[PDB]
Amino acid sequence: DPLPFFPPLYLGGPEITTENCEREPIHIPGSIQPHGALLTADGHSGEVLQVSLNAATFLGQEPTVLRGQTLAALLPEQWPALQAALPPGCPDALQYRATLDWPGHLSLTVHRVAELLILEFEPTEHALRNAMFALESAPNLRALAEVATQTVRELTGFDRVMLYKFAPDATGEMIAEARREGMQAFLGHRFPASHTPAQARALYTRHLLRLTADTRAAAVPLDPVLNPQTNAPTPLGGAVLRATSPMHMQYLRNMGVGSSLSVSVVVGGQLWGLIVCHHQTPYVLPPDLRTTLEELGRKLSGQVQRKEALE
């Protein structure tokens, strides 16, 4: 239970230091990672309200031209199924996904937060069964953690995949590791609570996967930065393209990590730990594979719950 959020920087909030890690409002950076584009739209009218400044890279129209258009005009085919898929009241973790054939393929991911639709666009291009069975069949916690890390590494090609388990003081230990020789080994290494601060842990119980595809890439602003509906920040906790905390970006660069991704392990509604993945170079995992990893995280969570109850 951290101290309350600071305002974000663009609303005059303080820049974060090691004295106040937990107060960074990481869910409302007003910016995205440059491997995709993000638009926000009115949930009733479909008016495009905010556009990431790099949108032309992915959509072929400048932000100023996109802004003010409706999703009916921009996405004729998707808008009705979108209108049908995401009416008011739904969980903000609920997703609509589609593939757009853009002259070559864009993955569209849409979620609703209150009266706003958040649209994420990024390039896209029988083994899940075997992964699920492997996790189900592990007869003890050690075996389960080994299978989880090995399976995730196999599926993703990440240089290093670890299982990070939280202690009651919110310090953590890496208790399983699958890696390329000789990525630095963190197996058995322990880390302070502040490295994964309490507002991050809280967010990670609500939105179960997040990533930084390129730890040296500059964030791309949303324009306008505030949602015109509310004159308030746009909630991006459920957007995988959300810019990552600069403090964490620096942590990763200092570790020689070019790309990072984690998946929550949730037991009894608490953050038990994280599947922590690193690559030394930048690395973008395809959207469909992210969905697979989320499924694997849920399965892992349920198996950890099961095996701990048996003890």
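For every residue, the number given is its place in the sequence shown, counted from 1.
The entry shows a gap from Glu125 to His126, with 4 to 9 unmodelled residues of the deposited sequence in between. Judged by mean Cα B factor in the deposited record, 89-97 ranks above the other of 89-97 and 161-169. Comparing 74-82 with 188-196, the higher mean C-alpha B-factor in the PDB entry belongs to 74-82. Highest C-alpha temperature factor among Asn130, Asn227, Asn140, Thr109, as the PDB entry reports it: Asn130. Set against one another, the Cα B-factors of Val266, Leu261, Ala55, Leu285 in the record reach their highest point at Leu285. Compared with the other modelled residues of the chain, the Cα B-factor recorded for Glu146 ranks in the middle third. When the modelled residues of the chain are ordered by C-alpha B-factor, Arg201 sits in the lowest third. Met174: CA B factor lies in the lowest third for its chain, per the PDB record.
Remark: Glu154 belongs to the middle third of its chain, ranked by C-alpha B-factor as recorded. For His207, the recorded CA temperature factor ranks within the middle third of the chain's modelled residues.
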